[PDB]
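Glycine gets a Cβ as well: all are built from the backbone with ideal geometry, and neighbour counts include every protein chain shown. Basis: the model, the stated rules and, where named, an outside source; none is laboratory data.
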Ligand code: CLA
Ligand code: CLA
Ligand code: CLA
Ligand code: CLA
Ligand code: CLA
Ligand code: CLA
Ligand SMILES: CC1=C(/C=C/C(C)=C/C=C/C(C)=C/C=C/C=C(C)/C=C/C=C(C)/C=C/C2=C(C)CCCC2(C)C)C(C)(C)CCC1
Ligand SMILES: CC1=C(/C=C/C(C)=C/C=C/C(C)=C/C=C/C=C(C)/C=C/C=C(C)/C=C/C2=C(C)CCCC2(C)C)C(C)(C)CCC1
Ligand SMILES: CC1=C(/C=C/C(C)=C/C=C/C(C)=C/C=C/C=C(C)/C=C/C=C(C)/C=C/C2=C(C)CCCC2(C)C)C(C)(C)CCC1
Ligand SMILES: CCCCCCCS[C@@H]1O[C@H](CO)[C@@H](O)[C@H](O)[C@H]1O
Ligand SMILES: CCCCCCCS[C@@H]1O[C@H](CO)[C@@H](O)[C@H](O)[C@H]1O
Ligand code: OEX
Ligand SMILES: [Cl-]
Ligand SMILES: [Cl-]
Ligand SMILES: [Fe+2]
């Protein structure tokens, strides 16, 4: 029981895992066992989704979050997102599930049987948190791994069947990406885009060529950065800027994950390219835009001239201008005029929505998709009654978009806290006052009084 | 040393009457800009077309408001989430019409209050303190982010962010209940538990310590004179307090460890208010309170109402009246 | 000690797991009956005959929706005793008429008296100043104003809060729509006391925990405290400097700080009670007359205060027919206030 | 104070002998209270078929104070 | 009150013939109506066209009359506008446009009868609340 | 007169803030 | 150690109805309209 109590380790049970900070072998165990839980969930959750799955109902009516992820990679789906074959869904779940037993094995072994520390046994695998060179080297290894991970996406997209392309001319379909975007002016341009409306920073990426080119860039950058970090030690300005400790490296990672969680929340909420509405359901903006399109269609069928119909406020009931003049849908959805979607773009001309096209060119499939998206807006209750908050029970629906946004906002938020907690604790422990104020060297007692 | 090293020494000085610090260097100007804009707008701004339907709502005192009805009104629904700084407008006249002051206030305020939180970490480091006061502050700060930024983002518009005024805040609450049934949301319920509990334990702790002050003063002088700033001895008897409280309820329902007791005082309202913030930030994406509308059915299929259904009837009243000229189509989807 | 009284006193004050005292003869049966009345009603009892509502687990309700509901408006402010002229000793009828409501309200009222006596009694025996009892007057003023005064000013107990989670929410929304209770400055002081109390709680607990002295070796710092130790476990000096430099002002006197922690939320709840006494009489803070005159004469004048009254009028029209069934409200569709489309 | 610690009591074989019988007997007694329908008649709660008569369009609301008991009785007779 | 054989007896055709549904068909009808229809017709209304509801009286004045099993079954095969002038299979789910309304692909004739049965029975239970919308919640 | 009164009370509070901070009773460690 | 104490009565005035009620509510989960 080598330091598995509070007396020996100085950490209570509820801070139990802090006991692992300088026990590299047991800590590797914690980490491998953990990845096992992650890979486990992925495989079992996939299988559960597949067992519950009725191919003829939209994914988004079935509470699915993982199958949609698989389908977007182009597996199991065809034109319009029609499921042609569930076996890839099956393969993905099984292989994760089996793999998790292997990780679980490794994890349990290192946690409970192998050497508690790895430094005596091996210098390659051993490490000291304060060894700035080892730390950048491990980091460097994982950067190379991550880089290859990005290149696997590219490989799928260009050489192994392509990706689901909601924008595919003629309708959504799987499509091979042959000409990915390589121009750094485009790829790095996205990073300098404003995060506000009508801009959306990286969340705006609206074609697979950009998505593929971006991953080409990232795979290269990450492998390059990995090599760099294996070959180098930190410059002195970096040495002087950071806390160098297990708890501090955790805190930096916590900050970056919180940030990524937040980005992920906005991605799934707004983006319908890498989260195709065919699989994930319509975005909030999209559903709101679909309602105005639905009634524009209905009312014009009834004889309404939609261009000159003045609403109660004096703005056009169906159509109006954005603050920069573009023709856009009216009523509340004015806010959503930045929305772009494949069922809608055919009506858009250079000035925004085109009245000639609206009067003549609205196809039945557009009416159909707008009705569908209007009635699958991402609104529902925690007990999964779909609808507005005043809706009666009947429809069992919460959009996959709401589940993915809400969960990840919560996760990103607590990770930010985790970051503040650990950053502040790491700072204090590095300076030596994390356990409290020395009663005989109280800093404030040595300072001039304020007034 | 050099001019820069002197500057750094001053910024980070533990001796300034108000700590400045690196977070302070961002906090001071942003908070001043927000404060100044807020005060001027609250007194003098013209009416703002909050819902982008050319229906300007008067927020300021000079345009017919009092302290209670007054507000800095959210920016126009026609703007949505577009960034609307002063230089994006053709004139200040236009800027004021469209609610530009609101974006200026809430953006400088959020940056400033985030730095206010960083500054709290910073000073505690300069003073050799443990670092988590800033974490307690993350709870109100998260709540402010929920109503001024996250909610607008989810709903596609700053016109749905909380208005910067008293009656405005109530408007936001009421529309929120209609659209999300926030009362039936368990994160809001944890929030209530958090603030009701926070009040309770405050009244409790205050009262337990006070009841236990050691006799140090005359029958005429304030008991506060019994405690001197900086004294080393503890001014009340915690064993007597525990003797009382442990008997009020039962022994183990009571704290004799001041440290775990003060921990519980920090944790209870902070965690509950985190859930409140997260309630608002997750209803931002339309995951709403429990819906038990028509949940009880009789043998024939007659709906038997519950108190959930009477809640529904009140929510419906709010729904159909709110923004009475803004909807043209039958469903309110944001 | 002498006579039977003193012997009984001995027994009542024995140092046991659950103190009893004289206050216990009041406290314990009334707290237990109020609570078991609540659990019994929410588990098995309907509200069909009083409200047209299901309200128990037996009928299909869940934890958020069960309640012990108020009696029917036709009952007035009847005590509704089991043996009263309404139920006439019939237990089933009593349950059906709302008898559990007054049962829980009155036993709860006497239980609360008992608890506060228990606070005076324990403090007297331990030899402390009875500040805790005094602080508890705030919960008392709230219970009495809201559960007793309010419905006593209104037409009947029907309009008191019903004992249930969703029922209490309904109570909230009724107060907004009918009384515009958010506008009321006594409710606003209540909010300040409750949110200020919660702030004071968070901020004091966090300040102590972050200016602790190192009195141990453990990285978990809870063990480095001794109940009988002479010294402060944290530095008031550092805490004071920290807040002075952060916020501009700080406490310097620990007795003040704690007294203030009693004062703020207690005073808050007392203020809300006064407003609720006002609402017993429909003496609302409903309107600002100057806004109404301007708005009546100027159809382009709009404020958040006008916007919220349109919400209230929506709430009244839409909830009243099912919420006040004894009024037999029939509001044909054409009369209902509604904005465009919705 | 005095009483035996809970820790002692609930780890003692004698505790489990007594309560392996009393806990389930109470639970089952609770269950029967509902399954026999006994709960409905003690408390006067309607079963799913007893809220409304077959063609009734309105709620049996009590509207009389001193003969409300008799009204419920009347309301109960026509079901 | 109970879900009795009388409540479950509904017009089969335009000529006055009735059919008594079993409790099982009713439940089936409610289930399948949720599965395929309630996203637009929750409560007897129509989200995407509120002028048209599923009230019996409304159905009776459609062309052809839809206030009976046969009429509803035929609607579900080959839906028309309310005056019967136009075939709207391309934008309203039916057996005819099961290619584009995929939830229609495994509805059997018996399923269609069950849904028709649900639509005719609900207003007999719910009255004006069926097709009433939020006023009646 | 009404706006003036509101702004005047407000301004008195802001001034009261400045004195409470900068011209407080100094805390004395004795 | 005694067995029948105040603590003992207090515990059972609560624990006894509680289990009885839990069985009652468990049975309710199987009621259908
Ligand atoms: C992802 C969750 C996770 C993981 C991976 C770990 C991992 C670890 N913990 Mg932490 N811990 C956790 C969560 C976790 N913990 C939580 C939630 C708490 C609060 C309750 C703690 C509180 C805590 C304390 C107080 C301590 C640890 C310690 C440890 C380490 C030693 C364990 C030991 O000695 O057990 C001995 C236990 C057993 C022999 C029982 C069996 C345990 C095995 C691993 C169960 C495996 C079952 C699994 C289904 C097998 C699959 C097999 C198949 C693949 C073939 C180990 C690396 C200890 C420490 O740090 O040591 C230096 C320590 O003192 N933990
Ligand atoms: C990224 C996380 C994530 C997301 C977005 C989803 C989303 C979804 N799931 Mg998957 N799932 C997850 C993780 C997730 N789940 C995990 C970890 C498990 C294993 C337990 C599952 C196992 C699972 C099953 C078995 C099922 C789903 C189903 C569903 C759907 C309905 C969910 C529901 O009704 O919740 C109801 C809501 C809750 C239970 C409330 C969650 C509240 C948490 C506990 C609050 C705590 C917050 C924070 C984490 C705590 C911090 C504390 C603080 C003090 C520090 C929805 C599409 C259902 C389905 O439709 O499948 C097709 C279904 O049957 N899930
Ligand atoms: C990244 C996690 C990780 C790391 C850093 C280590 C590191 C270590 N392990 Mg542990 N272990 C892991 C995970 C890990 N292991 C897993 C998943 C299992 C179950 C299979 C084990 C089971 C295990 C046992 C039973 C033992 C070790 C031992 C060792 C030591 C020597 C290993 C060696 O020299 O091989 C050199 C390299 C090779 C032999 C070739 C490796 C071939 C790999 C598997 C293929 C390439 C993998 C590729 C990158 C894809 C990975 C999958 C990924 C996508 C998830 C060293 C401390 C030994 C020990 O600690 O000594 C006392 C020992 O007995 N490991
Ligand atoms: C997980 C990924 C990761 C991590 C944790 C690190 C960590 C580290 N890197 Mg390495 N690096 C990586 C990936 C990574 N690197 C990759 C992929 C490359 C190839 C491009 C590099 C190439 C590289 C170089 C060339 C150098 C490092 C250096 C360092 C060290 C200090 C870095 C620092 O202070 O930045 C913090 C950032 C700054 C100091 C810049 C100023 C801050 C700006 C204003 C922030 C703006 C961002 C803002 C939030 C907005 C985000 C979006 C934006 C794009 C608009 C540290 C060991 C240094 C070193 O010590 O090398 C040995 C160094 O010189 N790295
Ligand atoms: C401290 C204990 C306590 C207190 C203060 C109360 C108080 C109350 N109970 Mg509760 N109750 C208790 C314990 C208590 N109960 C216990 C242990 C049980 C289980 C048996 C009950 C079961 C119960 C039921 C079933 C009901 C109440 C009700 C009531 C209310 C009316 C009582 C009344 O009118 O009495 C009148 C009697 C007295 C006040 C006693 C007078 C004592 C004086 C000092 C002496 C006079 C004696 C007299 C002269 C001699 C006989 C007269 C003869 C000459 C004709 C009131 C809130 C009713 C209620 O809640 O309705 C909504 C109701 O229906 N109780
Ligand atoms: C929360 C309520 C509460 C509390 C905590 C106290 C506390 C105190 N009272 Mg005050 N008191 C109260 C309410 C309260 N009082 C009320 C409502 C009155 C009536 C006006 C009084 C009248 C009073 C006097 C005249 C005196 C005190 C005094 C005292 C002190 C000693 C204890 C005592 O005498 O209790 C008295 C006991 C109680 C308040 C509990 C009474 C329990 C009753 C009898 C139960 C009745 C059951 C009922 C008949 C059921 C029928 C219900 C019906 C609706 C159907 C202490 C400061 C004495 C003092 O100040 O010493 C210096 C003192 O002289 N009390
Ligand atoms: C360390 C530690 C811990 C943790 C641990 C862990 C975390 C572990 C993990 C583990 C794991 C992670 C495990 C896993 C496993 C797995 C498995 C075992 C699997 C298998 C599979 C199978 C067998 C399959 C089958 C199938 C198929 C093939 C097909 C389909 C169907 C089915 C599914 C049937 C704790 C906290 C306790 C504490 C103490 C210490
Ligand atoms: C994939 C993709 C793409 C691309 C992408 C990219 C290209 C990215 C990049 C990215 C990047 C490139 C990023 C960066 C980041 C960074 C950061 C995040 C930073 C941070 C920093 C820090 C944190 C610092 C800190 C500090 C300070 C500030 C001061 C002093 C101290 C210290 C050092 C602490 C696109 C969109 C095209 C399309 C889609 C897909
Ligand atoms: C009224 C009345 C009376 C009385 C009665 C009584 C006294 C009763 C009691 C009763 C009772 C005394 C009952 C109990 C119950 C209980 C229950 C029913 C429970 C439940 C619980 C649960 C369900 C749990 C939950 C939870 C929580 C709370 C948190 C943690 C987690 C969980 C979720 C587990 C007399 C005869 C005098 C006369 C006439 C009237
Ligand atoms: C560990 C990763 C092993 C992945 C196995 C490669 C499957 S690659 C394979 O390639 C085809 C086109 O060539 C696609 O049409 C097909 O969907 C895809 O699965
Ligand atoms: C029922 C509670 C009322 C208690 C107050 C009345 C006390 S009365 C008191 O009691 C003595 C014994 O202690 C007797 O010896 C004595 O004769 C009698 O006057
Ligand atoms: O803006 Mn403010 O309030 Ca959110 O919901 Mn839609 O939009 Mn408007 O109505 Mn309801
Ligand atoms: Cl409004
Ligand atoms: Cl609209
Ligand atoms: Fe304290």
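Table for the structure above
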| read-out | value |
| --- | --- |
| Evaluation of residue A:338 against (1) touching a helix residue (DSSP H, G or I) at 6+ places or on another chain (Cβ under 9 Å); (2) surrounded by fewer than 22 Cβ atoms within 10 Å (Cβ to Cβ); (3) within 14 Å of chain B (Cβ to nearest Cβ); (4) over 25 Å from residue A:170 (Cα atoms) (one fails), failing number | (4) |
| Some residue of segment A:56-75 being touching a helix residue (DSSP H, G or I) at 6+ places or on another chain (Cβ under 8 Å), farther than 30 Å from residue A:246 by Cα and within 16 Å of ligand 8 (Cβ to nearest atom) | yes |
| Among (1) closer than 23 Å to residue G:28 by Cβ; (2) facing another protein chain (nearest Cβ under 8 Å) - the single one residue D:25 does not satisfy | (2) |
| Inter-residue pairs, beta-carbon under 6 Å, first at the interface with another protein chain (Cβ under 7 Å from one of its Cβ atoms) and in segment C:297-311, second part of a helix (DSSP H, G or I) and surrounded by fewer than 19 Cβ atoms within 10 Å (Cβ to Cβ), 6+ apart | C:301/C:294; C:301/C:295 |
| In segment A:316-330, the residues that are facing chain B (nearest Cβ under 7 Å) and touching a strand residue (DSSP E or B) at 6+ places or on another chain (Cβ under 9 Å) | A:317, A:330 |
| Residues satisfying the stated conditions in segment B:123-138, i.e. at the interface with chain A (Cβ under 10 Å from one of its Cβ atoms) and either surrounded by fewer than 21 Cβ atoms within 10 Å (Cβ to Cβ) or in a helix (DSSP H, G or I) (or both) | B:124, B:125, B:126, B:133, B:134, B:135, B:137, B:138 |
| Answer residue from segment C:230-247, given it is free of Cβ contacts under 8 Å to residues at least 12 places away in the same chain and part of a loop (DSSP other than H, G, I, E, B) and is nearest to the other protein chains (Cβ to nearest Cβ) among those | C:230 |
| Residues (closer than 20 Å to residue B:43 by Cα, within 10 Å of chain A (Cβ to nearest Cβ) and touching a helix residue (DSSP H, G or I) at 6+ places or on another chain (Cβ under 7 Å)) located in segment B:77-108 | B:103 |
| Residue list for segment B:283-334, filter: within 7 Å of another protein chain (Cβ to nearest Cβ), free of Cβ contacts under 8 Å to residues at least 24 places away in the same chain and part of a strand (DSSP E or B) | B:287, B:297 |
| Enumerated helices (runs of 4 or more DSSP H) restricted to segment C:117-211, each holding at least 2 residues that are facing chain B (nearest Cβ under 7 Å) and within 30 Å of residue C:303 (Cβ to Cβ) | C:165-174, C:185-210 |
| Matching residues in segment G:19-33 - criterion: being more than 9 Å from chain D (Cβ to nearest Cβ) and under 28 Å from residue D:4 (Cα atoms) | none |
| Residues of segment D:4-28 that turn out to be assigned to a helix (DSSP H, G or I) and surrounded by 12 or more Cβ atoms within 10 Å (Cβ to Cβ), as a count | 12 |
| Entirely in segment A:244-309, the helices (runs of 4 or more DSSP H) that have 3 or more residues that are within 12 Å of chain B (Cβ to nearest Cβ) and closer than 28 Å to residue A:139 by Cα | A:246-270 |
| Condition broken by residue A:7, with the remaining ones in (1) more than 14 Å from chain C (Cβ to nearest Cβ); (2) surrounded by fewer than 14 Cβ atoms within 10 Å (Cβ to Cβ) satisfied | (1) |
| Counted residues, segment E:60-92 - those being under 16 Å from residue E:121 (Cβ atoms), free of Cβ contacts under 8 Å to residues at least 40 places away in the same chain and assigned to a helix (DSSP H, G or I) | 1 |
| Residue within segment A:211-233 that is more than 10 Å from ligand 8 (Cβ to nearest atom), part of a loop (DSSP other than H, G, I, E, B) and assigned by CATH to the domain that holds residue A:429 present | yes |
| Unique residue being without any contact (Cβ under 8 Å) to a residue 40 or more places away in the chain, more than 22 Å from the chain's Cα centre (by Cα) and assigned by CATH to the domain that holds residue A:213 when the list is A:160, A:141 | A:160 |
| Which numbered condition residue A:35 misses (of (1) in contact (Cβ under 8 Å) with a residue 40 or more places away in the chain; (2) part of a helix (DSSP H, G or I); (3) within 14 Å of chain C (Cβ to nearest Cβ)) | (3) |
| Residue within segment A:180-192 that is more than 19 Å from the chain's Cα centre (by Cα), away from chain B (no Cβ under 14 Å) and either within 16 Å of ligand 2 (Cβ to nearest atom) or touching a residue at least 40 places away in the same chain (Cβ under 8 Å) (or both) present | no |
| Segment A:199-220 residues that are within 14 Å of chain B (Cβ to nearest Cβ), paired with ones that are more than 16 Å from ligand 12 (Cβ to nearest atom) (beta carbon under 6 Å, 6 or more apart) | A:199/A:193; A:201/A:193; A:201/A:195; A:203/A:266; A:203/A:267; A:203/A:270; A:203/A:271 |
| Any hit, segment C:30-46, residues being farther than 30 Å from residue B:308 by Cβ, touching a residue at least 24 places away in the same chain (Cβ under 8 Å) and more than 16 Å from ligand 3 (Cβ to nearest atom) | yes |
| Residue match in segment C:202-221 (condition: more than 16 Å from ligand 6 (Cβ to nearest atom), crowded, with 19+ Cβ neighbours inside 10 Å and under 18 Å from the mean Cα position of the chain (by Cα)) | no |
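One line per residue, one yes/no per condition, for (1) within 18 Å of residue A:269 (Cβ to Cβ); (2) within 11 Å of another protein chain (Cβ to nearest Cβ); (3) buried (at least 20 other Cβ atoms within 10 Å of the Cβ); (4) within 16 Å of ligand 6 (Cβ to nearest atom):
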{"residue": "A:347", "(1), (2), (3), (4)": "no, no, yes, no"}
{"residue": "A:353", "(1), (2), (3), (4)": "no, no, yes, no"}
{"residue": "A:357", "(1), (2), (3), (4)": "no, no, no, no"}
{"residue": "A:364", "(1), (2), (3), (4)": "no, yes, no, no"}
{"residue": "A:372", "(1), (2), (3), (4)": "no, yes, yes, no"}
{"residue": "A:399", "(1), (2), (3), (4)": "yes, yes, yes, no"}
{"residue": "A:411", "(1), (2), (3), (4)": "yes, yes, no, no"}
{"residue": "A:418", "(1), (2), (3), (4)": "no, yes, no, no"}
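Residue-wise test of (1) part of a loop (DSSP other than H, G, I, E, B); (2) surrounded by fewer than 18 Cβ atoms within 10 Å (Cβ to Cβ); (3) more than 12 Å from the chain's Cα centre (by Cα).
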{"residue": "E:4", "(1), (2), (3)": "yes, yes, yes"}
{"residue": "E:14", "(1), (2), (3)": "yes, yes, yes"}
{"residue": "E:43", "(1), (2), (3)": "no, no, no"}
{"residue": "E:47", "(1), (2), (3)": "yes, no, yes"}
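The rows are residues; the columns are (1) more than 12 Å from chain D (Cβ to nearest Cβ); (2) within 25 Å of residue G:19 (Cα to Cα); (3) out of contact with any strand residue (DSSP E or B) (no Cβ under 7 Å at 6 or more places or on another chain); (4) within 16 Å of ligand 10 (Cβ to nearest atom).
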| residue | (1), (2), (3), (4) |
| --- | --- |
| C:4 | yes, no, yes, no |
| C:8 | yes, no, yes, no |
| C:13 | yes, no, yes, no |
| C:27 | yes, yes, yes, no |
| C:51 | no, no, yes, no |
| C:56 | no, yes, yes, no |
